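*Asks:* Return atomic coordinates for the entry below.
(chains A and B)
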Protein chains: 2
Amino acid sequence: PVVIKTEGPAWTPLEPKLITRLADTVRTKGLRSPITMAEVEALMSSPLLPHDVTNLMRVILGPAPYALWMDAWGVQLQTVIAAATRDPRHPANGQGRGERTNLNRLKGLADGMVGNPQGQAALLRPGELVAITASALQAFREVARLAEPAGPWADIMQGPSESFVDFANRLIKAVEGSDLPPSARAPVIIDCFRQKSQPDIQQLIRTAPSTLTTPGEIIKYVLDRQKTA
Amino acid sequence: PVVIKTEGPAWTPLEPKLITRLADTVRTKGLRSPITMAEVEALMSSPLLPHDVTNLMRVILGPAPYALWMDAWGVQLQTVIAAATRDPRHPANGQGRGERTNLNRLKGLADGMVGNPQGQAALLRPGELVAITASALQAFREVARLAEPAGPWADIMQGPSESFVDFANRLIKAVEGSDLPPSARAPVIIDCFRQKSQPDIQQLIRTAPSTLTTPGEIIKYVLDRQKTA
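*Replies:* Numbers count the residues shown, from 1 in each chain, chains lettered A, B, ... in the order given. Shown next is the protein structure:
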């Protein structure tokens, strides 16, 4: 993090207490939990310098996820630089050709920046910072989606002893965290409620005097009329 | 029983045939059955003299219930005499202090009454007779409620082989013949139908497309849709 003061942009590091709490969050909840992504968005609020994001991912991520994240961050930054050479009005670019932003300046590899966060904060633009930050966030999302797969939705059955809300949670999780289009999730969730969800609940849904046309309505109906046991 | 004729109040005894039938009714049906209380109300129609009620309870009740009934009758007569000294306009009392009614006159222990029903019928007032009769009826009710408890309602389950109308009869009996307020019997009966009444009928009541808000409606619904077996 940088503070743009009168003397110039002064760099302030992130608290190691927040970083330790975020690292333990990633350690217990995993990379893909919505609470973890919310915490990352929180610590991704102010535009960070390449040094900050690099050290942050070095600390919170293990070695192999860190390698994957470096790869993904490079790819996303390259897409950004292609869009930048496709539009001279990038908030990282300038009007003349002398302000064109090279990947050495984005990854912090340019002259006067390697290993020095103060000089980094000096030469970098705010548009550069926000582009780097958005790129790093998208790369984190990619790596998180890659490190742990969503479980195959079509293999999910309600166990003989499992409750129905746990089964519904697991199924909705695996269906929404999958490769289906957004407009195909609700019908699939409904038809999986009807064919999975062991034959007692199957018959309970089948003999519904009303027509249930939404996963929430099916869940409410089943929770009302379920066999207390 | 007394007949207030021109010569004076002449005492007529109750038929030993009616008394024998009532005694056998109490012997087979018990003290608390509504048919028994109706029969007692029937034989408690005309105002009886202390001799009549005393011999009646001696014949129809066993020894221990008769002791209990003597106790309860004394207590109720004492409450009556307290109300009488609290109001000089009692139909047993008179206007002056010389007509105040003592418990010896109510229990038949006063002078000219001990063991003689004719003299009893002579000196007693009709208000005295009706007060004695109501007191004896209330005492009989107390002793009947005391001799046999209502079964605990919260321990009633529908047996595996028992029909539903028998279970409903037993449950409504035990709930209405208990210490609950009158305004708390219907909700308790409903919630006991729902949680007792073994899981087939439990699920039958649970999956009711209509909302059942009365024990009679629940009974009708279950009798309609019950599994004939």
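
*Asks:* Stretch A:217-227: which residues count as buried?
*Replies:* For stretch A:217-227, a neighbour-count test (16 or more other CB atoms under 10 Å in any protein chain shown) marks A:218-219, A:221-222, A:225-226 as buried. All C-beta atoms are positioned from the backbone trio N, CA, C, and that covers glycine.

*Asks:* from those residues, which is closest to residue A:133?
*Replies:* residue A:219 (38.2 Å; CB to CB).

*Asks:* what about the residue nearest to the closest one when sequence neighbours are not counted, helix or strand, and which?
*Replies:* Closest residue in space to residue A:219, ignoring its immediate chain neighbours: residue A:168 at 5.6 Å, by CB to CB, 6 or more residues apart in numbering or on different chains. Taking DSSP states H and E as the criterion, residue A:168 maps to helix A:164-176.

*Asks:* Give me the contact list for that helix.
*Replies:* Residues outside helix A:164-176 that contact it (CB atoms under 8 Å, 6 or more residues apart in numbering or on different chains) are A:150-153, A:156, A:158-159, A:185, A:188-189, A:192-193, A:196-197, A:201, A:215, A:219, A:222-223, A:226.

*Asks:* tilt between the next helix or strand after it and helix A:164-176?
*Replies:* Next helix or strand after helix A:164-176 toward the C-terminus (DSSP H and E): helix A:185-195. Orientation check (axes from the mean of the first three to the mean of the last three CA atoms, to 10 degrees): helix A:185-195 against helix A:164-176 gives 140 degrees.

*Asks:* Residue A:101: what secondary structure?
*Replies:* When classified by DSSP: H, G, I helix; E, B strand; the rest coil, residue A:101 comes out as coil.

*Asks:* Enumerate every residue touching the closest residue to it other than its chain neighbours.
*Replies:* Among residues not flanking residue A:101 along the chain, residue A:92 sits closest, at 4.7 Å (CB to CB, 6+ apart). With contacts defined as CB under 8 Å, 6+ apart, the neighbours of residue A:92 are A:80, A:84, A:101, A:106, A:125, A:127-128, A:131.

*Asks:* Pull the most distant pair out of those residues.
*Replies:* Using CB to CB, the pair of the contacts of residue A:92 lying farthest apart is A:80 and A:125, separated by 13.1 Å.

*Asks:* more neighbours, these two?
*Replies:* residue A:80 (20 against 17; other CB atoms under 10 Å in any protein chain shown).

*Asks:* Please name the residues that touch that one.
*Replies:* Here residue A:80 is in contact with A:92, A:106, A:131, A:135 (CB under 8 Å, 6+ apart).

*Asks:* okay if I get the residues you listed as a markdown table plus distance to residue A:32 and secondary structure?
*Replies:* Below are the contacts of residue A:80 laid out as a markdown table (distance: CB to CB, whole Å; DSSP: H, G, I helix; E, B strand; the rest coil):
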| residue | distance to residue A:32 | secondary structure |
| --- | --- | --- |
| A:92 | 30 | coil |
| A:106 | 26 | helix |
| A:131 | 25 | helix |
| A:135 | 19 | helix |
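
*Asks:* Quick one, which of those are buried?
*Replies:* Buried among the contacts of residue A:80 by 16+ other CB under 10 Å: A:92, A:106, A:131, A:135.

*Asks:* any chance you could map the helices in chain A?
*Replies:* A:16-29, A:34-43, A:50-60, A:63-85, A:103-106, A:117-123, A:126-147, A:164-176, A:185-195, A:199-206, A:215-225 (DSSP state H).

*Asks:* ok, and for the shortest one, which residues are buried?
*Replies:* Pointing back at helix A:103-106 there. For helix A:103-106, by 16+ other CB under 10 Å, it's A:105-106.

*Asks:* Check which helices and strands it sits against.
*Replies:* helix A:63-85, helix A:126-147 (3 or more CB pairs under 8 Å, 6 or more residues apart in numbering or on different chains; DSSP states H and E).

*Asks:* Dump those to TSV, plus distance to residue A:14.
*Replies:* Output for these, formatted as TSV (distance: least, CB to CB, whole Å):
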stretch	distance to residue A:14
helix A:63-85	17
helix A:126-147	13
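
*Asks:* for those, which one sits closest to residue B:142?
*Replies:* helix A:126-147 (77.0 Å).

*Asks:* quick one: contacts for the residue nearest to the spatial centre of chain A?
*Replies:* In chain A, the C-alpha nearest the mean C-alpha coordinate belongs to residue A:141, at 3.4 Å (CA atoms, centre = their mean). By CB under 8 Å, 6+ apart, the residues touching residue A:141 are residue A:37.

*Asks:* same check, this time on residue A:223
*Replies:* A:164-165.

*Asks:* and chain A, which of its residues are near chain B?
*Replies:* Taking CB under 8 Å from any CB of the partner chain as the contact definition, chain A meets chain B at A:204, A:207, A:209, A:225-229.

*Asks:* Max pairwise distance over those residues: which two?
*Replies:* Going by CB to CB, the pair spanning those furthest: A:209 and A:229, at 23.2 Å.

*Asks:* re the thing from before, looking at the buried ones among the contacts of residue A:80, which is nearest chain B?
*Replies:* Relative to chain B, the closest of the buried ones among the contacts of residue A:80 is residue A:135; by CB to the nearest CB it sits at 54.7 Å.

*Asks:* Contact partners for the closest one?
*Replies:* Taking CB under 8 Å, 6+ apart, one finds A:73, A:76-77, A:80, A:106 in contact with residue A:135.

*Asks:* Quick check: closest non-adjacent residue to it.
*Replies:* Nearest non-adjacent residue to residue A:135 (CB to CB, 6+ apart): residue A:76, at 4.2 Å.

*Asks:* just residue A:160 next, same as before
*Replies:* Closest to residue A:160 by CB to CB, 6+ apart is residue A:198, at 6.7 Å.

*Asks:* Perfect, that will be all.
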